[PDB]
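>>> Structure for the following, please:
(2 chains, ligands or ions: 2)
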Amino acid sequence: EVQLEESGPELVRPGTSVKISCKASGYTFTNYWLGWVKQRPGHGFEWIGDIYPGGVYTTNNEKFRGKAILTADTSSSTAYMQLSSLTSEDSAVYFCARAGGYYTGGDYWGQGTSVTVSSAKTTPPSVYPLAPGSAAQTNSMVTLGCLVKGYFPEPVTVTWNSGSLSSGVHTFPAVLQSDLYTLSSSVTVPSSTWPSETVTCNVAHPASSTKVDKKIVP
Amino acid sequence: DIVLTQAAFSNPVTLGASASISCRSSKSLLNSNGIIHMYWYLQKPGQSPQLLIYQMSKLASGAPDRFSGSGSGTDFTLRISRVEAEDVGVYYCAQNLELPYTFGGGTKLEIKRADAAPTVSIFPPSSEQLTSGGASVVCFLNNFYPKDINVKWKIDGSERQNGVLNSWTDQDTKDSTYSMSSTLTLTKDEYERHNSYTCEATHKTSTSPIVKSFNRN
Ligand SMILES: [Zn+2]
Ligand SMILES: [Zn+2]
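Residues are numbered from 1 along each chain as shown, chains lettered A, B, ... in the order given. Ligands and ions are numbered 1, 2, ... in the order given. What follows is the structure:
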């Protein structure tokens, strides 16, 4: 198994620089091109550049001249991309990809690195339980939820019962407002099992190094 | 810039039926070396892109053989012999013939399934929120089809447009439905001046909207 493991989410101030990495394993690092692509929230893909670690050779998108620089460390099988003079236009998920060979495309992909470029301050989420009671909730299934409000930046990770409850979960995309994000998650379980079988949402916000667990009680 | 033009959406495709997605390039993608620099990628919600087809018609490793591609060197087609529910996502064409390499805008594949009414659940503000001076009323509208839906909030019977925040899921990879969340955010002060809170959904599965509500007292 070829693996491309990217560095974690970044919150950085405009005008600064950031260097994100992609650690490759499972193949001869120097024998394959690695490329980088940008995806702004809700948009398509933009290609940034390719690097051949056995060179070192690079091919670049001139739209990013002066802004992006690609490097590779053969000693650690890691590729790097540095982004400078950052603005909110650079806020995006960046992916690294391995080029399968002679023009056979990006066959293996990293998980992406979220970069947020902002002056706003990191803010932990408030997590509120959504429980039924003021109106008998349907009959065979019951819907519960969590309201995750007032955090910055993206992302948060939402699970239920630390991931052991996954069927019937709906976690909604966050919406930004007033410089803070709000997200919701619902979970639907059999009526006969709540509250006997407890239900708890787990909301992780790595940017603020905070996780909060909220048990949903009647 | 070589421009790759794709439709933003597919017609809804019946599960198990064939589908096609097209891309047109502003320039031939065939080289003098005999190589056609056309690729098809798929991105599923919350996932990294997956290569499906390379050099216009070659099947990528890890891609199911339900996928195939063809083209003239200028015009291209991705085909799906039998669509599966898990194939929902955005399909991108791309070129690396010339710098800068570019992508098409992506085509969303939509699965056609039977109509389904939203299951609507409404929730008053938690005590924890009220203590901070806030009052969010949440309405979930889950597992409906088709995606077209309108939500209206009413306070004491009067439409409220202010303070609503809506979020929508992508089509579910298992049951091909959609879900939506709508949150009306008030201050505690204002929330405690009124009594009835109502979430109303307009959807093709009902003449009258589906209404969920509660009374604060
Ligand atoms: Zn669902
Ligand atoms: Zn009022």
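
>>> What's the local residue count around residue A:152?
Neighbours of residue A:152 under the rule other C-beta atoms under 10 Å in any protein chain shown: 20. Any C-beta I mention is one placed from the backbone N, CA and C, and that applies to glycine too.

>>> go on, residue A:134?
Counted with other C-beta under 10 Å, the neighbours of residue A:134 add up to 14.

>>> which residues sit in contact with it?
Applying C-beta atoms under 8 Å, 6 or more residues apart in numbering or on different chains, we find residue A:134 in contact with B:124, B:214, B:215.

>>> let's see it at 7 Å
B:124, B:214 (C-beta atoms under 7 Å, 6 or more residues apart in numbering or on different chains).

>>> again with the one 3 residues further on
The contact partners of residue A:137, by C-beta under 7 Å, 6+ apart, come to A:143, B:121.

>>> show me where chain B has helices.
With DSSP state H, the ranges of helices along chain B come out as B:127-130, B:188-191.

>>> now what about the last one, what contacts it?
This means helix B:188-191. Contacts for helix B:188-191 (C-beta under 7 Å, 6+ apart): B:125, B:130, B:133, B:134, B:135.

>>> In strands, which of these appear?
Using DSSP state E, the members of the contacts of helix B:188-191 that fall in strands are B:134, B:135.

>>> Now for residue 122, how many residues are close by?
If you meant another chain, say so; for now it's chain A. So residue A:122, with other C-beta under 10 Å, has 15 neighbours.

>>> that's the wrong chain, I meant chain B
Per other C-beta under 10 Å, the neighbour tally for residue B:122 reads 24.

>>> Domain parsing of the chain, as residue ranges.
Since you didn't name a chain, this refers to chain A. Here the domain parsing of chain A from curated CATH domains is A:1-119, A:120-218.

>>> Switch to chain B, please.
Split by curated CATH domains, chain B gives B:1-113, B:114-216.

>>> Widest-spaced pair of the contacts of helix B:188-191?
Greatest spacing in the contacts of helix B:188-191, by C-beta to C-beta: B:125 and B:133 (10.6 Å).

>>> which one of those two has more residues nearby?
residue B:125 (25 against 10).

>>> so what's the more buried one closest to, chain neighbours aside?
Leaving aside its chain neighbours, residue B:125 sits nearest to residue B:135 (4.2 Å; criterion: C-beta to C-beta, 6 or more residues apart in numbering or on different chains).

>>> what's near enough to touch the one you found?
Shown in contact with residue B:135 (C-beta under 7 Å, 6+ apart): B:125, B:129, B:186, B:187, B:188, B:191.

>>> Identify the bridge partners of the closest residue to residue A:169 other than its chain neighbours.
Setting aside the residues directly before and after it, residue A:169 is nearest to residue A:187 in space (C-beta to C-beta, 6+ apart), at 5.0 Å. Applying DSSP bridges to residue A:187 yields these beta-bridge partners: residue A:144, residue A:169.

>>> so which of the contacts of helix B:188-191 comes closest to residue B:75?
Nearest to residue B:75 among the contacts of helix B:188-191 is residue B:134, at 54.4 Å by C-beta to C-beta.

>>> Now that we have the contacts of residue B:135, which of them are buried?
Among the contacts of residue B:135, those buried by neighbour count (16 or more other C-beta atoms under 10 Å in any protein chain shown) are B:125, B:129, B:186, B:191.

>>> Skipping adjacent residues, who's closest to residue A:26 in space?
residue A:2 (3.7 Å).

>>> So what's the residue count around the one you found?
Number of residues near residue A:2 (other C-beta under 10 Å) recorded here: 13.

>>> likewise residue A:93?
Quick note: residue A:93 (other C-beta under 10 Å) scores 20 neighbours.

>>> how about the residues of chain A that lie near chain B?
A:44-45, A:47, A:59, A:61-63, A:95, A:103-107, A:109-112, A:128-130, A:134-135, A:137, A:143, A:145, A:147, A:149, A:170, A:172-173, A:175, A:177, A:182, A:184, A:186 (C-beta under 7 Å from any C-beta of the partner chain).
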